[PDB]
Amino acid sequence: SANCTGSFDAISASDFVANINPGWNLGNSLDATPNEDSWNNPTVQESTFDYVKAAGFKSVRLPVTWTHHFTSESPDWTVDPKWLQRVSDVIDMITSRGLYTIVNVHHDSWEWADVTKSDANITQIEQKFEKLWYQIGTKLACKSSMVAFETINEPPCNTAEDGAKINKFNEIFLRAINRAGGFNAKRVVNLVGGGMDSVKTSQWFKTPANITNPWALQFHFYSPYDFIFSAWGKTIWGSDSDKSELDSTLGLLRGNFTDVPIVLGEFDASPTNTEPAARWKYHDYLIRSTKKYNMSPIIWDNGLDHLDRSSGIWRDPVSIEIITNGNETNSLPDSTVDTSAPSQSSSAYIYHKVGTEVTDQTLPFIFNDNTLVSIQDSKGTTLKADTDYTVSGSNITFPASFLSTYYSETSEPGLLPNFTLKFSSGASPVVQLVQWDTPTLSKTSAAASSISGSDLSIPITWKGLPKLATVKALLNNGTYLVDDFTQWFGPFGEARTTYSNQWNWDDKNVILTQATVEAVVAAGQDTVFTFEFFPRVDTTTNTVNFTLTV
């Protein structure tokens, strides 16, 4: 149908997948609802993609939510021509800077295309979905080979019967875009399995019979759930069994798709909620695994996770170096990975409590055969080797005389300068000086029936790192408020609750969600909430209690 005037440099799906490594998501933008500035990001501007290219990414994934841009319903399901034009212009912002693109159908997946809901009209879902990709395929028919199409984001899928419906999603998609013509018959596509989960995909994905597009599989990876989602008090990552769990997940997917190009379309241990040493060990090992199993990774970034689009600053430059220079071996700060350990340490920090003396701090590092070249603080000062710090094996020691030029027994708590360590190769990790103390809350108790309706914001005086580590929740009689099974999760996991589901924080508050409050009212029992902070030196010192009464 569509007729393109120029030429099209055909590329195989293997080469496309090889050429996009690594990618970066334009998250919470064209996927935001109803408009691209409806969530946390402003209107997309082109300089964003300059920062992305400058950082070493070779591609951008471009999630688009179409739900709120239809100007007619059945049977045409016309998409707003201004929206199609906005998607097309932003793709042109990406490609014109030499970056590959992958554009999809995003939150439509659960907003209207959910086949697991008991009332879903599968006929209407299939018809609207065909019409949608016919229109996107028409608008984007003449894009270069650097533009690929992804079926649909994480489609909900619980059973084999649902898995057959996700396969049909891939088939309806291929038929629509080939019918739209232009260059689409030779365009690289990304096909999807249930939830974009490695296991559901392995179980139920079937290659569309007689497919003729060059095609790659895409999945998403947010495992392990406890670390990545900050659930049940998990604040560490890197044991031998954590590594084997991760390598097993990627290898069993590759094992089911031996000769198929595989895109890892989203992953992120976000700097917002995860501990940095565990975060950098996780990203390092994930990148190592994607190279082992020949997968191209694309990091998720919602605008607040990594790149600050208004300044070009990446909030976590160590992860970006790890993801963008995959042929280099990284020296990393060590950290506690033992879930039975009664104390948690991290070499991404130099911690010092208010009211304690200044002492030498030895930080164990994983050198990985790199040597340390230099250390420079965030004011520009290069540290004097063998005076401001000394190296012994994997240890880096900072003498008390040097550390006391940054803090004292009585200095104010908060974030101090950090140290950037330059090694022979690989990422340059960051050690963060934190002067900490036990935080205080404006309220120590409250009646459940007086704070109700909404989330409970409790104003807090942060003393050190302005981040919450987890929240313990115990009923008065000793029963856990939620999730019994955390009794098997060690001193720092027993009775702990989950980020966003149960607890949250902001600049001025710690937060207990409305569902946490309603869970106390239902239990009918006073519940003690122990807010816990970094360093997790033990289970009690660096914590503060709030009691919800009944």
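Position 1 is the first residue in the sequence shown; the rest follow in order.
Q: For the higher mean C-alpha B factor in the entry, choose 467-475 or 203-211.
A: Higher mean C-alpha B-factor: 203-211.
Q: State which stretch shows the higher mean Cα B factor in the entry: 316-324 or 114-122.
A: Between 114-122 and 316-324, it is 114-122 that shows the higher mean C-alpha B-factor.
Q: Please work out which residue in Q218, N273, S223, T258 has the highest C-alpha B-factor recorded for this crystal structure.
A: Top of the list by C-alpha B-factor: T258.
Q: Which has the highest CA B-factor per the PDB entry: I298, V391, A278, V87?
A: Answer, based on the entry's C-alpha B-factors: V391.
Q: Please place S14 in the lowest, middle or highest third of its chain according to the CA B-factor in the PDB entry.
A: According to the entry, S14 has a C-alpha B-factor in the chain's highest third.
Q: Sorting the chain's modelled residues by C-alpha B-factor, tell me whether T362 ends up in the lowest, middle or highest third.
A: Its C-alpha B-factor belongs to the highest third of this chain's values.
Q: When the deposited Cα B-factors of this chain's modelled residues are ordered and cut into thirds, is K186 in the lowest, the middle or the highest one?
A: It falls in the middle third of the chain.
Q: For the chain shown, is the CA B-factor of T461 in the lowest, middle or highest third of its modelled residues?
A: It falls in the middle third of the chain.
Q: Among the modelled residues of this chain, does the Cα B factor of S47 put it in the lowest, middle or highest third?
A: For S47, whose C-alpha B-factor we compare with every modelled residue in the chain, the answer is the highest third.
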